[PDB]
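Take a look at this one chain, the form deposited in one PDB entry, written out in structure tokens.
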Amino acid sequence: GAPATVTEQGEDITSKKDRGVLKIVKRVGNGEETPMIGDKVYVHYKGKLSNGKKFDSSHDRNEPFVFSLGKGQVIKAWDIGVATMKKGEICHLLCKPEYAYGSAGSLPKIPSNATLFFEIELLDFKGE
């Protein structure tokens, strides 16, 4: 399925080249501009654990998730991954725990040492 495909066929987007964040572009977005550090970014996403369980979805909340890019307001894999995206792009990310919640995990649903799968759509970005 999609998690296996990004694991086996994804591109390493880390600056360290350590395979910690792998990406596949599913829908090409608009133009050639990616967001700027500090921009307000608006995303829709779904996340799954490696046991197949959905652990989060913005779609189910009927509102996007909004954060400031490159500020550590989200897991490292998201700061790195969203920075690569164009407006309107949909991607898949496969995130090793060093770029996610590490040994701590995140209650209630994310265990220790968890590799995470996300589908992410970059809806918009704006400088403030």
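Numbers for residues come from their place in the sequence shown, where the first is 1.
In what follows, reference is made to the form deposited with a small molecule bound, a form of this protein that is not presented.
- Within this chain, residue 47 lines the site of the small molecule in the entry with it bound, having a heavy atom no more than 4.5 Å away.
- For the chain shown alone, residue 61 is a contact residue for the small molecule in the entry with it bound, at least one non-hydrogen atom being within 4.5 angstroms.
- The closest heavy atom approach of residue 109 to the small molecule in the entry with it bound falls within 4.5 Å.
- Heavy atoms of residue 31 never reach within 4.5 Å of the small molecule in the entry with it bound, leaving it off the interface.
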